[PDB]
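1. what's the 3D shape of this:
(8 chains)
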Amino acid sequence: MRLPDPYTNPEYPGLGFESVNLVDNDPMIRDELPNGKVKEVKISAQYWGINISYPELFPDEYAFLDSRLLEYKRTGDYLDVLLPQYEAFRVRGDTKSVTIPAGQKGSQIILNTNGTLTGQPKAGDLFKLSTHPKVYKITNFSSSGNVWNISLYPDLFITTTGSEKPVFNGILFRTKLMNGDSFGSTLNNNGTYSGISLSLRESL
Amino acid sequence: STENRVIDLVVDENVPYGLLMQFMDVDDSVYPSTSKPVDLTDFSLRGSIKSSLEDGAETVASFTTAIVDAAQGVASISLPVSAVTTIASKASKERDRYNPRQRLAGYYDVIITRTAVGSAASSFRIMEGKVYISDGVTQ
Amino acid sequence: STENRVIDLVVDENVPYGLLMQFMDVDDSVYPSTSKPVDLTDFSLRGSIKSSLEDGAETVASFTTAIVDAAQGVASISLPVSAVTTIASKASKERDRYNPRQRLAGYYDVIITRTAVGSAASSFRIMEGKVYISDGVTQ
Amino acid sequence: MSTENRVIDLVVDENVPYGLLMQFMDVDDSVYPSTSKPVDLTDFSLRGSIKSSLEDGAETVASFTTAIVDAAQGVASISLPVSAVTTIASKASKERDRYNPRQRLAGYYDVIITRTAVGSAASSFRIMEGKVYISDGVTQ
Amino acid sequence: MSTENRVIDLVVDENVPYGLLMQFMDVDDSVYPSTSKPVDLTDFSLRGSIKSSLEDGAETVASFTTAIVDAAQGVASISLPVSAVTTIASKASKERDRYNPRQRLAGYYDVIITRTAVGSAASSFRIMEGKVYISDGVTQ
Amino acid sequence: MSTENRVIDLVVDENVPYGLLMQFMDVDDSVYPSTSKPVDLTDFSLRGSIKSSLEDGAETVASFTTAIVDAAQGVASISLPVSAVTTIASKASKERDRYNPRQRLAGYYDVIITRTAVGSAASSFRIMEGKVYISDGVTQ
Amino acid sequence: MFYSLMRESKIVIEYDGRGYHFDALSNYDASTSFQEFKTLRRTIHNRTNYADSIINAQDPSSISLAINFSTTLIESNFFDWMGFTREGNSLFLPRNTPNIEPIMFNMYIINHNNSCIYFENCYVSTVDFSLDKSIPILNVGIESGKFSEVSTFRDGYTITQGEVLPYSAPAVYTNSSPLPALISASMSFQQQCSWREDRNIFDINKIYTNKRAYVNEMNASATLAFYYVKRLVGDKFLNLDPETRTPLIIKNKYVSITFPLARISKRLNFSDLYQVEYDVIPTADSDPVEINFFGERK
Amino acid sequence: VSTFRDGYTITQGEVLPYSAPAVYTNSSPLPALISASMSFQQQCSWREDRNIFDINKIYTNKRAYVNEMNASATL
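-> Residues are numbered from 1 along each chain as shown, chains lettered A, B, ... in the order given. Here you go:
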């Protein structure tokens, strides 16, 4: 499901992140050798962590927000979020006619736009495959005409099967709440819910 | 009309004048930047310039109107170089001490109109203000 | 909030006038005020433009009421271009301070009315103010 | 302990009937919170008059028509027809006020509620007072 | 910004051939920031002149010898030779600028670009205007 | 976008040769940081003159001797011998200034760098300007 | 229309159902205001420019009155309302504050054409007057909780201040020995209450007005200014040493503030003519401070 | 600096003649005006980025960010 925000529900401008913390969580078997060399082995999967802080929420906005959150807690599905700082539409066009040749594993990826896309995805922008819900981060870009060579920080979780389509816009993190067990909201005498915050965490 | 939206046109001497409008209705309640270009089919705008703001004033020039793009919403208000020369001839000579290039020529208005079968008169005023001539030396 | 019935109309010379009133019923009991529109049944609007408030004042013109889309509450008040010309004929020669195009033409007020919807003539004034003619240049 | 507000200034609209309704409610402050029950207006009549001045010998501009809407809910309505509004408009002061030429002073008004019966005491009570103004209209 | 945008001042230096380099470029900002492309200046002729005053009868002290150095890339150049600079310096006001004594007023100028072509779009625009000043020199 | 500083005031010392050297460096701002390469002064000549006034008909106090030190490093030196310093000292204004009787105004100077060749355009450029002052000395 | 002139006004204080119209009023100052909650919800989605401000409370008003002394001594009720105990025409400062909450009263500021401003839940928080070579006047300071506009009001036709008392030179004594070279005797009395804000979530979407308050402390104080005068070399009576306990009285022909035992601190200023300044407060075990109000002929 | 930029053409004209202010609600005038004061702000803040690479050098602020904009008036 979709986390409410001013893009989906413009009538509630109180929704919307006062501050978002996009943390990098890659567990590693780090070992500090006696000779000065540091050896680290990556085994556990990496996952983005999102910490959302909300401004002063009025009673109706908080009613909508916690209604959506409680529906999340009820039906048990995943909770998608859209970070707005990465919503710079730097790539126009429709990506259905873009083919990613099969048999690709690792950080590097090669995709052929077939002369369809307009706009260059600069380093630091997000990237997501059509099938898998993992969200990557472009670290370097290099194109030779139509073919694009993109390097992603997390290695491709699944090897491309030749049908996965690039998603350069409207990327949603498939996250799970981490504050659900004890989630309280305080109501002031001024009439606003203060200090509403979420500690999300990408699942899979 | 739009009394608060008065804009003074500035026409360059020795240069054909050109001004383009865009009739493009909006509804941002659903989402910001939801703007749809208005169809201008069977619309005909027209206007005039007169020396004074009262009855009996002498007409100075009439804009050569056009509809550049029908159904796209891009109308144009303009007049040729000879009309600009006539305006410069008819314009006053009370040059400002600190804007010695601009002289007042007259007042202008233009009216958009609907001439659709199955409809009636839909005249509406969309522009209002004064016409200022900017002096030129390169001819 | 309070009362804001007093609004001044600026009608354009040589152009027909038409005003679109979206009648509405806002209630601030709930923090997002209810957007319920009033339902226009058994409603008629009457409005005359009369120079000055003194008794026996001549009737400069009369508004022509239109009731359309009763379900959603909107309504229209208008008057033909001939009425506009008749208004502009009797307008005073003194021009408004803030706009040198407007001239005071008279006063006005529109009165809603329920005609035996419950065997009651519940007619009350909607709005009021002064009517200003804006001198045109096109004609 | 607080103050009352017996002085109320009314503003009528020319060419339009004027309707004002008053509700009388019993009140009390006790251990239980404020208990309010509508006052039963039985044998309760109203009567109001308007004159152009407070001083004795003032010309009577008009008089108000009185009626009781709901005794059980304790609602009484005090109003005047449109013809009375026109009558008061004719007799109003001709002196206008800038920033709003509509309003003109019409005079002073009073309202007495009384209960007259053989067993009832001859008791009157001036419920309100104040001045009556007129919002001149052009239509009609 | 009715006319404030297309007006700049030129100061021709005495005893030096004055040459100003212009680079036309179609900058798109409303749709998206940081997007600019050159204007294809083929068939986009330039012409300018200088006059002492803005009256109807004014002297043509000089005239720019405009040239399009690059047909594409939107690069053009307006320049005048040493003789024109000397004529301007001789035919300039003797009243010196107080904040910069070397500069004296010479006259006014305009620049019109005429994009005459086979297509019926023979439009003309005034892309420059302002005042012309002469900066005195001694190296001769 | 920043400003230039073409106006430079020189102070010479009486009875002592005066030597000033200018370096012309190519500059650019790009993705890589500021890249500077010396300008190759080939066919580049300088010429400077000093007069006691800006107005036309001013007496020529002296003229500067021009030379190019290193073309590869883009260094040109503009200076005058000691005899020229004495000549300018003789022609300087006699009006002294308190708090420093040494300095006296000598006149105005300009420097033009030019590149003249058959294939080269007849382009001059006033690199600097300003006033020349003299620090009077007693020795010699 | 009707303008409102300060000179054309009448201030009536409503206590116990009786109107105390305080005439002989030299000058009064008051203000009304509201409290707002203005927050700007700038977000990464929309860095907005328009604040979210709602008016939810009435800021307490601070009314100050300057009242001349009068022959009918209505002005002593300000000491009476501020907490002093009364015996005859003399007001005692009690050893302990009697009640937790102050004495609340309403106040009207009448004007022409049935115009009025109604201050409610008021209490007298400060009273100080300077016995000097000018006509004495006591500036009272009251704080309101709720202000309102009302049509009809309470007007004190009968209860009013009489004629102002004639000037009489002040004199300060120790027992019966006069203290020489007096300059200005300033007395100060306070009831330093505090509002108990009880704005809760049941008052959301409503305007809150302060209603209840509690007394933090009461006190009586006086600052005496003298000229540094000595009659002997190494004098014992007049010096700069502190006095732990000494009976003091600041006496006039119409008022006499008595400190049965006083704690005096002295301060010398080396000005054009040397001036010493006292700081008189009652001691710990001192008897109640007296304030006598003599109308005429003591 | 020695040479500069001087706005010979772009300049302010004659001062506008005085005209009495008036505040309206829709078209109903508000009586008895005294002084209408308007205020507009762009409350930016300097981002000090003085670092150890600027030691032995004079630092000048260069970049700033907008905390808020607002329009206000006291009547």
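
2. what segments of chain B are strands?
-> Here chain B has its strands, by DSSP state E, at B:9-12, B:17-22, B:24-26, B:35-37, B:46-50, B:59-61, B:66-69, B:74-79, B:102-112, B:124-134.

3. which among those is found nearest to residue C:120?
-> Closest of these to residue C:120 is strand B:124-134, at 39.0 Å (criterion: CB to CB). For every residue, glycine as well, the C-beta is placed using N, CA and C.

4. residue A:99 reaches residue A:111, doesn't it?
-> Yes. Using CB atoms under 8 Å, residue A:99 is in contact with residue A:111, at 7.0 Å.

5. whatever residue of chain B ends up closest to chain D: how many residues sit nearby?
-> Here the residue of chain B nearest chain D is residue B:3; by CB to the nearest CB that distance is 21.0 Å. Applying other CB atoms under 10 Å in any protein chain shown, we find 15 residues neighbouring residue B:3.

6. now residue B:91
-> By other CB under 10 Å, the residues close to residue B:91 number 21.

7. how about the nearest residue to residue 165, chain neighbours excluded?
-> No chain in the question, so chain A it is. Nearest non-adjacent residue to residue A:165, counting by CB to CB, 6 or more residues apart in numbering or on different chains: residue A:130, 3.9 Å away.

8. the intended chain is chain G.
-> Spatially, and ignoring its direct neighbours in sequence, residue G:165 is nearest to residue G:69 (4.5 Å; CB to CB, 6+ apart).

9. about what we covered before: out of residue A:99 and residue A:111, which sits in the busier spot?
-> residue A:111 (21 against 17).

10. backbone torsions only: list them for the more buried one.
-> phi -130, psi 140 (degrees, to the nearest 10).

11. separation between the residue nearest to it when sequence neighbours are not counted and chain F?
-> Leaving aside its sequence neighbours, residue A:111 sits nearest to residue A:100 (CB to CB, 6+ apart; 4.5 Å). Counting by CB to the nearest CB, to the nearest Å, the gap from residue A:100 to chain F is 30 Å.

12. surely residue A:100 is in contact with residue A:164?
-> Yes. Residue A:100 is in contact with residue A:164 according to CB under 8 Å; the separation is 5.3 Å.

13. so for those two, which sits in the more crowded spot?
-> residue A:164 (22 against 19).

14. close to chain C: what parts of chain B are there?
-> Proximity of chain B to chain C, by CB under 8 Å from any CB of the partner chain, involves residues B:1, B:3, B:46-50, B:53-54, B:57, B:106-111, B:121-125, B:128.

15. just the buried ones from those residues?
-> Buried subset of those (neighbour count, 16 or more other CB atoms under 10 Å in any protein chain shown): B:1, B:46-50, B:106-111, B:123-125, B:128.

16. nearest to chain A, of the residues you listed?
-> Nearest to chain A, judged by CB to the nearest CB, of these is residue B:124 at 30.8 Å.

17. the closest one against residue B:111, yeah?
-> Yes. The criterion here is CB under 8 Å, and residue B:124 meets it with residue B:111 at 6.7 Å.

18. who touches both of these two?
-> residue C:15 (CB atoms under 8 Å, 6 or more residues apart in numbering or on different chains).

19. residues contacting the spatially most central residue of chain B?
-> When CA atoms, centre = their mean is applied to chain B, the residue found nearest the centroid is residue B:77 (5.3 Å). Residues near residue B:77 by CB under 8 Å, 6+ apart: B:19-21, B:45, B:47, B:63, B:65, B:110, B:127.

20. can you list those in CSV and add distance to chain A?
-> Formatted as CSV, the contacts of residue B:77 follow (distance: CB to the nearest CB, whole Å):
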residue, distance to chain A
B:19, 31
B:20, 26
B:21, 28
B:45, 34
B:47, 39
B:63, 38
B:65, 36
B:110, 36
B:127, 33
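
21. residue of chain B nearest chain G, please.
-> For chain B, CB to the nearest CB, closest residue to chain G: residue B:32, 9.0 Å.

22. contact partners for residue 60?
-> Picked chain A for this. A:12, C:31-32.

23. my question was about chain G
-> G:143-145, G:195, G:210.

24. residues near residue 32, how many?
-> Unless you meant another one, I'm taking chain A. Residue A:32 has 10 neighbours, counted by other CB under 10 Å.

25. oops, chain B please
-> Residues within reach of residue B:32, counting by other CB under 10 Å, total 12.

26. centre-most residue in chain A?
-> Centroid-nearest residue in chain A: residue A:173, 3.6 Å away (criterion: CA atoms, centre = their mean).

27. what pairs with that residue across the strands?
-> Legend: beta-bridge partners of residue A:173 under DSSP bridges are residue A:81.

28. next one: the residue in chain A sticking out farthest from the centre from residue A:42, what distance?
-> Residue farthest from the centre of chain A, counting by CA atoms, centre = their mean, is residue A:35 at 39.1 Å. Distance, residue A:35 to residue A:42, by CB to CB, to the nearest Å: 22 Å.

29. in the chain, which spans are helices?
-> Since no chain was named, I'll use chain A. A:59-75 (DSSP state H).

30. that answer is for a different chain, and I need it for chain G
-> Using DSSP H, the helices assigned to chain G run over residues G:77-82.

31. nearest spatial neighbour of the residue of chain B lying at maximal distance from its centre, skipping sequence neighbours?
-> In chain B, the greatest distance from the average C-alpha position (CA atoms, centre = their mean) is reached by residue B:30, at 32.6 Å. Nearest non-adjacent residue to residue B:30, counting by CB to CB, 6+ apart: residue A:10, 7.7 Å away.

32. and that neighbour, how many residues sit next to it?
-> 16.

33. sweet, I'm off.
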